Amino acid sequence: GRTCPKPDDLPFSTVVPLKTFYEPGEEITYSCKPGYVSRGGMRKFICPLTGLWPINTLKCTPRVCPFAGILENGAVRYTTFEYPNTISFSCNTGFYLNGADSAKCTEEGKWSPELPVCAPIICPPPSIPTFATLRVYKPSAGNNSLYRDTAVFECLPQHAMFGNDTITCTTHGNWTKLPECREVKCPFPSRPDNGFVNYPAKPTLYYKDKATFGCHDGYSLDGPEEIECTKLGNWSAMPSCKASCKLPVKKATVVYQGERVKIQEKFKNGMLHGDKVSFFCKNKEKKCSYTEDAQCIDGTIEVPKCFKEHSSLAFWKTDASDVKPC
């Protein structure tokens, strides 16, 4: 007699019992693999006497979990909400993912784990470090603060801050490291020789306290006119009063700050400490002029040896200042 051959292998199905051949009368059963369903309902067949399995209308397709394209305030990386695909989630900035970051479409046709949700990241109101007060804070959400919000602290009078004065509301619901408010004092500043110094009239001096200096006519300051009590208990700087220099020569064109000037004119009232200048002097041989420097260093200034000061009443030898450059 005849016999039916092995059954055609249908997509996403299972046949039972699956033999390579059947006797007329035997029965087999197609079933969609788990995670699939059929536009039909599980087809069974009995091997005909002809030995030819009938036409199979069985079509199995993936069960489809519920639409999950939208994630309020977030992104949903997906392909097709059908078994056994995986879909992942994430939230826009400001929000955190309250739930699993991904989920699969189970063979049952539901999402596992249950779809997550994006939620607003928040920090509770911040604390005030000792000896400080924050003047930059206002709840953005209820009694609390939202992501990347800020609060700014300013220490208390006579107290120095250590660490940024500004804190932000991090993704961890907590704020960034807080600043410190220690109290700092500075010793009184020493008066400068040939000069004087001033500062608040009180028992002790603390952080951010100002002290000003100066010098008697003959001298000038070699440091800033004003200084303050730094957070490290010492001062901005300690200026001294340095002696000015009398004009080195009677008449001469010199370079002061890259420009030519009449030295007797520029420093009519003497040169201050530090003032630098450049003298001109020719190079006999090549008949051109070059320049060397000099500077007022506390009452003294070394005019270059190469310099030659021609007298006003002589003039008859051209000045180095007027010789072509070298």
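When you see a residue number, it is the position in the sequence shown, counting from 1.
For this session: Between 285-293 and 60-68, point out the one with the higher average CA B-factor as the PDB entry records it.
Result: According to the entry, 285-293 carries the higher average C-alpha B-factor.
For this session: Determine, for stretches 42-50 and 261-269, which one has the higher mean CA B-factor as deposited.
Result: So the stretch with the higher mean C-alpha B-factor is 261-269.
For this session: Tell me, please, which of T171, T130, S145, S88 has the highest C-alpha B factor according to the deposited entry?
Result: Highest C-alpha B-factor among the listed options: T130.
Exercise. Whose CA atom has the top B-factor in the entry, of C245, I121, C105, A211?
Worked result: Among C245, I121, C105, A211, the highest C-alpha B-factor in the entry belongs to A211.
For this session: Sorting the chain's modelled residues by C-alpha B-factor, tell me whether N164 ends up in the lowest, middle or highest third.
Result: According to the entry, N164 has a C-alpha B-factor in the chain's middle third.
Exercise. Which third, lowest, middle or highest, does the CA B-factor of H216 fall in along this chain?
Worked result: Tercile = middle for this residue's CA B-factor.
For this session: Name the third of the chain's ranked CA B-factors that contains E23, choosing lowest, middle or highest.
Result: Answer is lowest: the recorded C-alpha B-factor places it there.
Exercise. Which third of the chain holds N73 when residues are ordered by C-alpha B factor: lowest, middle or highest?
Worked result: CA B-factor rank for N73: lowest third.
Exercise. C-alpha B factor of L97, ranked within the chain: lowest, middle or highest third?
Worked result: According to the entry, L97 has a C-alpha B-factor in the chain's lowest third.
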